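Contents: one structure, followed by commentary.
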Amino acid sequence: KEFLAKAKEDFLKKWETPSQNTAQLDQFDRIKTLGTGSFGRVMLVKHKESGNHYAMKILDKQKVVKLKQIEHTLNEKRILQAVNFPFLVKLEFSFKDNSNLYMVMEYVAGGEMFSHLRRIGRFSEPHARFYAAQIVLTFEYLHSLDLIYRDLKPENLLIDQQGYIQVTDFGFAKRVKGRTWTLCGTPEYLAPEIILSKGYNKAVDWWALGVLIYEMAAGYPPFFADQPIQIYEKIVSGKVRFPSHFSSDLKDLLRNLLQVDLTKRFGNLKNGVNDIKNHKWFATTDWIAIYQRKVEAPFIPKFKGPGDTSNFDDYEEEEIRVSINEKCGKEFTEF
Ligand SMILES: O=C(N[C@@H]1CNCCC[C@H]1OC(=O)c1ccc(O)cc1)c1ccc(O)cc1
């Protein structure tokens, strides 16, 4: 398309020359912890000079050097300043201190899809389709840019003010023309080729689309157990049991998305994304009106004024420590 060609040129310019050091800590007021992760936490901040709320992600340089995840961390930031899609959380600023790595993202007050799916129980198939349509389109954009996302799950999906999805957590995202090999992602969502330690491609993302749709519509993942090892055993056999309330259409899309044989899975066939887009479970979806956000969202989060954290959890509020000494400069010089 003309747009996918435009998406390539804008991605590439930014990917070739990253925005670096576009803000600093003392321009932001610290308010509350919105989430924590492997290398830090995401905190609601308020821009002092504009008054805008942002979600500032803080990763401690020392812990990512120590857990060896420096290339993935650099990958996350470089992909984020270089992408631009309506269903992606926008990275507004980036900088580093002595101890940390900061990414301030737009505040998406509706919180994680996870909360809402657990609170509502299961989403109706229109509601699930509404969300899945956004991901299919997001994944078409990211795969065109030769980016594999690699961590689709409802915790990494935020619901905005309009009830539209905003994808976050690009910590495992990667620029891959072809196959890649890292044991990345989340157990319930890992495609059989990741589990079987193969050189996998963009189709792991499409398998994880099948885990999300089944989970959004059943209210629970297709492959669950207590041990990771037992979840894995279920995924490589890949025999899915569907809920009776699932339509025939839904069961058919999910059998083709949750196809263990990678060369037979939707999104990875010769017709590509069109086998999903043209599936009868998406027969009533106007793909451009989803993109243009002209479809009435089936759920709009109860939003107040900006800075309401109602839709996120309470975490222990720790001190944001920035050392006198500059730790891990060399490792993180491209950041
Ligand atoms: O990325 C966001 N939150 C994610 C929601 N996904 C599940 C919890 C992880 C959390 O991000 C982290 O807290 C986090 C993740 C990894 C890491 O290394 C450090 C922090 C996020 C982004 C923008 C927002 O407006 C609001 C939240």
Side-chain angles (χ1 to χ4, degrees), residues 31-37 41-45 52-57 80 83-89 91-92 103-142 149 151-171 173 186 189 205 208-209 211-221 282 285-287 289-295 297-299 301 305-307 309 311-315:
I31 307 168
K32 206 177 181 301
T33 303
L34 265 31
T36 59
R41 57 186 58 214
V42 177
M43 293 190 78
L44 212 227
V45 299
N52 291 331
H53 301 79
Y54 294 107
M56 189 180 85
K57 186 183 219 173
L80 277 172
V83 298
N84 182 203
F85 202 60
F87 307 129
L88 254 34
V89 175
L91 176 60
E92 315 288 5
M103 290 182 266
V104 355
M105 295 151 189
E106 48 164 27
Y107 186 47
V108 185
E112 296 163 15
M113 169 192 294
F114 187 82
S115 298
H116 297 126
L117 207 234
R118 287 297 178 265
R119 197 201 73 184
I120 301 167
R122 51 169 119 116
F123 293 149
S124 82
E125 284 190 44
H127 188 177
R129 211 194 322 285
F130 176 76
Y131 290 158
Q134 291 180 54
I135 295 305
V136 173
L137 232 41
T138 291
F139 275 1
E140 172 181 73
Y141 170 78
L142 245 46
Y149 173 64
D151 207 23
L152 184 73
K153 58 190 202 179
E155 300 98 320
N156 299 359
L157 302 176
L158 314 173
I159 308 302
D160 73 15
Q161 310 70 239
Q162 288 55 233
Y164 278 77
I165 264 178
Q166 221 60 20
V167 186
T168 187
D169 296 269
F170 276 68
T186 301
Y189 282 85
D205 275 10
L209 178 69
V211 190
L212 185 76
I213 305 174
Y214 182 119
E215 176 150 18
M216 291 190 283
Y220 60 85
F282 286 102
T285 297
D286 174 348
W287 287 101
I290 288 283
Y291 174 81
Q292 289 185 165
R293 295 169 63 111
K294 309 253 74 179
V295 178
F299 163 72
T309 59
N311 296 130
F312 299 87
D313 188 27
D314 303 339
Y315 303 89

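Quick note: residue numbers are just sequence positions, from 1.
- Classification of the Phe130-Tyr164 ring pair by plane angle, with boundaries at 30° and 60°, yields perpendicular.
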### Task
Could you give me the CA-CA distance, side-chain angles and deciding distance for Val136 and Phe282, then say whether side-chain contact (heavy atoms from CB on, under 4.5 Å) is met?
CA-CA 11 Å; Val136 173; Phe282 286 102; 4.2 Å; yes
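- The shortest side-chain heavy-atom distance between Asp205 and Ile135 does not fall under the 4.5 Å cut-off.
- A distance of 10.0 Å separates OG1 in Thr33 from CG in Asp314, rounded to the nearest 0.5 Å.
- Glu140 pairs by the side-chain contact (heavy atoms from CB on, under 4.5 Å) definition with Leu137, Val273, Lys277, not counting sequence neighbours.
- Taking both residues in full, the closest heavy atoms of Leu212 and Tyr189 are given as N-CE2, 3.5 Å, listed atom of the first, atom of the second, then distance.
- Between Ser115 and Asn311 the shortest side-chain heavy-atom distance does not fall below 4.5 Å.
- When every heavy atom of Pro306 is checked against every heavy atom of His53, the shortest pair comes out as CB-ND1, 3.5 Å.
- With no hydrogens or angles considered, a side-chain donor-acceptor pair links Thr186 and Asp151 at under 3.5 Å.
- With sequence neighbours excluded, no residue forms a side-chain hydrogen bond (donor to acceptor under 3.5 Å, both in side chains) with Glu112.
- Distance check, rounded to the nearest 0.5 Å: CE of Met105 to CG of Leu34 gives 11.0 Å.
- Using a 4.5 Å cut-off on side-chain heavy atoms (C-beta onward), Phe299 and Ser124 make no contact.
- Between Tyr141 and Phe85, the closest side-chain pair of non-hydrogen atoms falls below 4.5 Å.
- From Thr309, atom OG1 reaches atom CD1 of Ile31 across 9.0 Å, with rounding to the nearest 0.5 Å.
- With respect to the salt-bridge test (charged N to carboxylate O, under 4.0 angstrom), the residues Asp313 and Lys32 do not qualify.
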### Query
Where do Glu92 and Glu106 land on the side-chain contact (heavy atoms from CB on, under 4.5 Å) test, with the steps shown first?
CA-CA 7 Å; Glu92 315 288 5; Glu106 48 164 27; 3.5 Å; yes
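- With sequence neighbours excluded, the residues forming a side-chain contact (heavy atoms from CB on, under 4.5 Å) with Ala218 are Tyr214, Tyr220, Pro243, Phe246, listed by chain and number.
- Between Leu88 and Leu142, some side-chain heavy-atom pair lies under the 4.5 Å cut-off.
- Here CG of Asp286 is found 11.5 Å from NZ of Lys294. Values are rounded to the nearest 0.5 Å.
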#### Entry: Check against side-chain contact (heavy atoms from CB on, under 4.5 Å), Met56 and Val42
CA-CA 5 Å; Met56 189 180 85; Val42 177; over 6 Å; no
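- Looking only at distances, no side-chain donor or acceptor of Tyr315 sits under 3.5 Å from a matching main-chain atom of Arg41.
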### Query
Would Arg293 and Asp160 satisfy side-chain contact (heavy atoms from CB on, under 4.5 Å), going step by step from the backbone distance to the final call?
CA-CA 12 Å; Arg293 295 169 63 111; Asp160 73 15; 2.7 Å; yes
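- At least one test fails for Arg129 against the ring of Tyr131: distance under 6.0 Å to the centre or angle within 45° of the axis.
- How far CD1 of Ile120 is from CE of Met216: 12.0 Å, rounded to the nearest 0.5 Å.
- With values rounded to the nearest 0.5 angstrom, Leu91 atom CG is found 11.0 Å from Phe170 atom CZ.
- Contact record, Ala133 with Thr285: CB-CG2, 4.0 Å, taken as the closest heavy-atom pair.
- Scored by the side-chain contact (heavy atoms from CB on, under 4.5 Å) test, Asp169 finds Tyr149, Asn156 as partners (sequence neighbours excluded).
- Inter-residue side-chain proximity for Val89 and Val167 is flagged as unmet; no heavy-atom pair is nearer than 4.5 Å.
- At a threshold of 4.5 Å between non-hydrogen side-chain atoms, the residues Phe139 and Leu152 count as touching.
- A 4.5 Å side-chain heavy-atom check between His116 and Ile159 finds at least one atom pair inside the cut-off.
- Using a distance-only test at 3.5 Å, with no hydrogens or angles considered, a donor-acceptor pair links the side chain of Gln134 to the main chain of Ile165.
- For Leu117, the side-chain contact (heavy atoms from CB on, under 4.5 Å) partners at least two apart in sequence or on another chain are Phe123, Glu215.
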